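Report on the structure given below.
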Amino acid sequence: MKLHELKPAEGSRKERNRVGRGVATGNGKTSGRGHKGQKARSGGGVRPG
Amino acid sequence: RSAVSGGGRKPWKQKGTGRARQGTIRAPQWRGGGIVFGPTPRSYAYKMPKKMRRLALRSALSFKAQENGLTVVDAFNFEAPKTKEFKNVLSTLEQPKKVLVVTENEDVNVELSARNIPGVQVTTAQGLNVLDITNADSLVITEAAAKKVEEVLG
Amino acid sequence: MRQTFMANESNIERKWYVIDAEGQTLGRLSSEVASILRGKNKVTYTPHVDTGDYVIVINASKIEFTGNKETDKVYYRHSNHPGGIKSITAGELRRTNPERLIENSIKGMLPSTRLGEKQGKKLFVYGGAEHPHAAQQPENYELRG
Amino acid sequence: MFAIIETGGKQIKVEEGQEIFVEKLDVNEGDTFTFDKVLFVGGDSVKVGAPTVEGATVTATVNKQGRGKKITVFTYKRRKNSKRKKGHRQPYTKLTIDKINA
Amino acid sequence: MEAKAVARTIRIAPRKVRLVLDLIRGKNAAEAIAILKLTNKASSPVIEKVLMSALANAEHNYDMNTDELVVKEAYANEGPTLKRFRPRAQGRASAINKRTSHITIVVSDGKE
Amino acid sequence: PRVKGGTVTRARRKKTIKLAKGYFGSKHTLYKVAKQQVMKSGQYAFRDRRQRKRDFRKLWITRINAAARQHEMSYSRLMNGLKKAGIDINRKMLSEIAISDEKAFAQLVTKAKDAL
Amino acid sequence: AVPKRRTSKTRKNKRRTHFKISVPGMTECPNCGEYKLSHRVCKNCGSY
RNA sequence: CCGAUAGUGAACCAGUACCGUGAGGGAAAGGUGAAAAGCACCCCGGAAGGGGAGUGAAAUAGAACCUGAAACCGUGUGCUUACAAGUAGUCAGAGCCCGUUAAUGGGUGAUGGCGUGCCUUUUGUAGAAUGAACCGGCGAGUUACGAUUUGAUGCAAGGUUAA
RNA sequence: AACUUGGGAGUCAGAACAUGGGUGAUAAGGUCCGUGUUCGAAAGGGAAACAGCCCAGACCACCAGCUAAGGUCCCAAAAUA
RNA sequence: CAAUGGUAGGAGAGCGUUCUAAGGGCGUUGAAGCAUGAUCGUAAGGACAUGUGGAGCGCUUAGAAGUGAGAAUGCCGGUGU
Ligand SMILES: [Mg+2]
Ligand SMILES: [Mg+2]
Ligand SMILES: [Mg+2]
Ligand SMILES: [Mg+2]
């Protein structure tokens, strides 16, 4: 296959989900973390267990 | 925000001034401040299983043989480096603007001759790589290199 | 936006109509007169231009009232001053300045838009058989109610 | 003198010599479209069809099958971070009447 | 046809220069000069000189004699402002914008 | 590789400033308010594209009602009579028949008065 | 005691409608023909 | 990898203006043209400026000098407006001017209908809850290593190498 | 439709009406439960205006038609039936 | 033939910005920017013509990211009232 017409294997690649870029993406304002609490903070969350 | 010069003093008090609360003159929102999550020194290389590396050299070589771009020549026998002459060899062999020449082991004169012809790269039979076979529209392999490449890759 | 006629001032013709208020109840005459001068009886009615006719009411003192709102039915009106409320009963208007009674009952039945004012200005109410508008050749109108 | 026809989902009043705009049809440029759903033929001779006037058809040449001007549908709900922008263009036909029947 | 004359970075705030130019707009040259020389404002001497230059320009470059000239149009627009400060009370400093003006005047013979 | 957001913000803001062409005062030169007013405009338009259908419907009603009473018959009875007769003519068209062709309106009013 | 809001360009230009300088009270001088202020001495000639 | 709000704090006499008693803190500021050919003379003006003529491909390239946006300030005007109650639009529409990326066209809009900005935060906000004077630029889920799951691809009772 | 296994979550401040009860005073736009509905997260018509009431869920046109709650003298479409 | 209000949120398809690889192109007979326009697509957006502008820049496929701003009493610079 030519180097200027190549194609990747079907379904092998997928574009990743950028977060916090506009409302239309569906993850706009809160970046999918809800509103408040530890989950909504940077380095938040709780230790596993 | 740790590597930008200075920036250690709380620029003003926390309450009372009517200004937004700030903690360093080198915070990301500030002109002249630290960058959040940009480029960092890193490598980009990965690896694939060995057998898969071999099916990729063979696939490029088999693609080449399908498109009729594999010219096996017997030997080259250049005795001195001269570029006009390698250009001749290629034109009398009717090879496209882009060709990859494959010698048996290092052939110094064949290499010094095709270094300047724009569009030609010279490679040993063991140094065959996919990016090079796939750019090249045509190949020219020495019969000795052709028997070596059959032994190694299969 | 296909084909509905729109009246404009090159094709509006307004006529004059004398209505007599003798023996007519206030509301049941005022509502009809408001419909007249609004132009809602013109088959060529148009909401955004003043179609509709002129109306002269002439007796305007032979109005009758149902019930006993002779003494009730007090009109109020304010002067924008503190304590500036002034009121007057309907009978007192009917004997003193009866033209205003009808001229205020009808204008309350029209919108308050600018078209509303320019339409209410098409009304001339007089309190006695004679009207001073014989030059506009007013045809008599009979109350359909 | 004037006929009233029923096309698409609406009705139109027509007299031969006029250009009209109706929903999209399946006929091509320059063709002749004949309507068979006529409901009133008025003017000097009036025919009031009960549902339709039987027999009266209306024939018109077709031209300029096109798409209307782009209405841009936009809607939003305040404080809810929700909006939608769509664009729309109704298709239509320009018809010119050339004959009437009764 | 039209003579031009411009004064740049004049040291008068444009709101103040325009008050005097709102009088000589469209008047004759002689009447315009008589206004300026008699209006008792600060900008007036500096405009009487821009007018003078235009009129001289007209005579020396176009043979446009000054008896028939009219200030076709005359205006003034902002210039490169100079920023300064005034020491006010309680250690605070307020700003003072010393403005400037780009005065333009064109006089015409009304002809082509 | 850094990318600087030049020449993407300009066009996006300009094609809303231009789209607010002709709004009062400061609503046609500032992005931050032009955008709000354009949003509101789209919302209003979406409502009015529905309201129109009913405003013109009741316009035709008023015209038909005025026309009917010239023949001593009211709109309710008129429409009921055409329903009885089987006549199916829109209010738009009946309004136009009343304006243009008085004889024809009279004729179908009789055919509806006789459909009692 | 502070402006609760901006004064738009419309309001601004509206307020200053009456803010203007009047053309001087000038009349022509009888000895020299140059303009002078009325009731003042001509500064070009020096007359009356 | 960055191209002058970036990349050094510092592309330019920068750890310098500057600030502090002192430790210390700490900026802003690149671009005429190919060549300086950097505008001989004339005209107004005391000068700054300007307007011709000339240099140059270009001088709205004239030294604050490449391109030159927006806020903002002006000068003209085509259409409107001095009885009106306006989150300033939409929708319906006369009149008056204009004529295109020719398409069921552009500008303004008498008069009618409907209609209390946006964000955040909330049970609920036109809200007199919070946030933004306005324009522009910059400004927030990335990377390293490891686990888990899914898709893909080798080849499979085997698969795979690390230094 | 339901269930099982696995990947990803947000939610732990509710509100008003109707109805069964506690608490209060057969007080509250009160408070705590149960059971609907709606709002939350719902535009549209009615209730003058009026998140929670009544009717009804908006894919996008149309200057087509029929109706629900509410209505039909004028404001303001329809009976001065 | 059926479905298409929607917030926390899950899933999918995409539009754009810089750079790189290859292929194929455009450019003082005027590139990128800038301004205007009554143009095209379902949207993110894409062209075309005319002016200013005086040298670089598109298109196809694929790769990587300092990739998209309107709000943080955000920072810097201009300009208002
Ligand atoms: Mg002091
Ligand atoms: Mg507020
Ligand atoms: Mg307020
Ligand atoms: Mg504030």
Side-chain angles (χ1 to χ4, degrees), chain A residues 2-9 11-12 14 19-22 24 31-32 34-35, chain B residues 5-6 9 18-20 28-32 35-40 42 49 51-52 55 135, chain C residues 1-4 6 8-9 27-28 30-31 34-35 47-49 109-111 113-115 117 145, chain D residues 9-11 21 71 73 78-80 82 85-88 90 94, chain E residues 4-9 14 49 52-53 56-57 60-61 73 75-78 80, chain F residues 1-5 7-8 10 23-24 30 32 36-37 40-41 44-45 47-48 51-53 55-56 58 61-62 74-76 90 92, chain G residues 3 6-7 12:
Chain A
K2 307 308 306 196
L3 201 47
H4 55 88
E5 337 179 329
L6 63 80
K7 224 64 190 317
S12 65
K14 184 156 159 210
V19 176
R21 296 286 195 286
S31 290
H35 280 306
Chain B
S5 189
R9 50 161 74 261
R19 286 212 65 168
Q29 70 259 53
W30 286 68
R31 180 199 128 128
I35 309 304
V36 186
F37 302 152
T40 51
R42 54 172 167 149
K51 309 166 145 163
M52 269 156 111
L55 193 77
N135 215 357
Chain C
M1 272 54 102
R2 275 242 69 192
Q3 36 198 213
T4 296
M6 265 320 157
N8 63 87
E9 190 104 5
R28 298 185 188 286
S30 304
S31 76
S35 268
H48 65 86
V49 308
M109 311 200 156
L110 309 187
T113 59
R114 314 184 188 188
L115 209 45
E117 294 294 328
Chain D
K10 301 179 290 290
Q11 296 159 12
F21 302 124
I71 297 169
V73 176
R78 54 156 167 248
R79 307 171 305 240
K80 306 307 163 207
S82 49
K85 194 167 138 183
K86 299 202 101 29
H88 183 92
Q90 280 293 122
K94 204 158 100 163
Chain E
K4 183 94 181 263
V6 164
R8 297 187 61 240
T9 329
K49 251 179 216 185
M52 273 357 255
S53 198
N57 287 347
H60 185 266
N61 297 6
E73 65 188 5
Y75 59 88
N77 46 7
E78 271 143 50
Chain F
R2 172 183 198 202
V3 60
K4 60 182 285 187
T7 332
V8 264
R10 200 169 263 111
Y23 290 163
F24 177 81
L30 308 190
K32 197 158 307 173
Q36 305 186 176
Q37 194 56 239
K40 181 66 71 174
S41 178
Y44 280 137
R47 151 201 83 191
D48 289 354
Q51 276 180 291
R52 182 158 67 212
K53 295 158 199 3
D55 288 340
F56 281 80
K58 92 174 145 33
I61 300 299
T62 301
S74 179
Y75 172 98
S76 306
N90 283 350
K92 185 173 174 193
Chain G
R6 284 153 38 121
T7 288
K12 158 165 57 158

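Naming: A, B, ... by sequence-line order, numbering from 1 per chain. Any value given below was found using the heavy atoms of this structure, including those in side chains, with hydrogens, waters and symmetry copies removed.
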Might you list the N or O atoms of the protein lying below 3.5 Å from N or O atoms in nucleotides 130-133 of chain H, with each pair's distance?
unit_1	atom_1	unit_2	atom_2	d
H:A133	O2'	G:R6	NH1	2.9

* **Classification of B:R31 side-chain groove contact, 5.0 Å threshold** => minor
* Asked: Would you say the side chain of C:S31 and the base of I:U80 hold a donor-acceptor pair, judged only by whether the two atoms sit under 3.5 Å apart?
  -> yes
* List RNA chain H stems (3 or more consecutive Watson-Crick/G-U pairs, under 3.5 Å)? -> H:41-44 with H:49-52, H:89-92 with H:111-114, H:95-98 with H:105-108, H:133-138 with J:74-79
* F:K92 NZ to I:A64 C1': how many Å, rounded? -> 8 Å
* Asked: Under the criteria of a ring-centre distance below 5.5 Å and an interplanar angle below 30°, is B:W30 stacked with the base of J:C75?
  -> no
* Answer syn or anti for J:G16, where the cut-off is 90° from 0 on the glycosidic torsion. => anti
* Selection from H:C155, J:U17, H:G112 that lies nearest to any side-chain heavy atom of B:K51 -> H:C155
* Structure fact -> Testing H:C42, H:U121, H:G93 for proximity to the side chain of C:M6, the answer is H:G93
* Asked: So is I:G7 sitting in a Watson-Crick or G-U wobble pair with I:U38, both distances under 3.5 Å?
  -> no
* Asked: Nearest to the side chain of C:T113, which nucleotide is it out of H:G112, H:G25, H:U153?
  -> H:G112
* Rounded distance (Å) that lies between atom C1' of H:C72 and atom CG of F:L30 -> 11 Å
* To do: Would you mind reading off the distance between F:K4 atom NZ and H:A4 atom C1', rounded to a whole angstrom?
  => 9 Å
* To the nearest Å, how far apart are A:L3 CG and J:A62 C1'? -> 9 Å
* Please work out if A:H35 contacts a base, only the sugar-phosphate, or nothing of the nucleic acid, heavy-atom cut-off 4.0 Å. => sugar-phosphate
* Asked: When only distance counts, do a donor and an acceptor, one from the side chain of B:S5 and one from the base of H:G15, lie under 3.5 Å apart?
  -> yes
* Decide yes or no, distance alone: a donor-acceptor N/O pair under 3.5 angstrom between the base of I:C63 and the side-chain of F:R52. => no
* Structure fact -> d(E:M52 CE, E:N57 CG) to nearest 0.5 Å is 11.5 Å
* Would you mind telling me which residue lines up with the more 5' stretch of RNA chain I, C:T4 or C:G27, judged by nearest nucleotide? => C:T4
* Structure fact -> Taken to the nearest whole Å, CZ/D:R79 to P/I:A51 is 11 Å
* Asked: If you look at every strand shown and take non-hydrogen atoms under 4.0 Å, does F:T7 touch a base, only sugar-phosphate, or nothing?
  -> sugar-phosphate
* **Ring centroids of F:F56 and I:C63 base under 5.5 Å with planes under 30°** => yes
* To do: Would you tell me if any nitrogen or oxygen in the side chain of F:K40 comes within less than 4.0 Å of OP1 or OP2 on H:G117?
  => yes
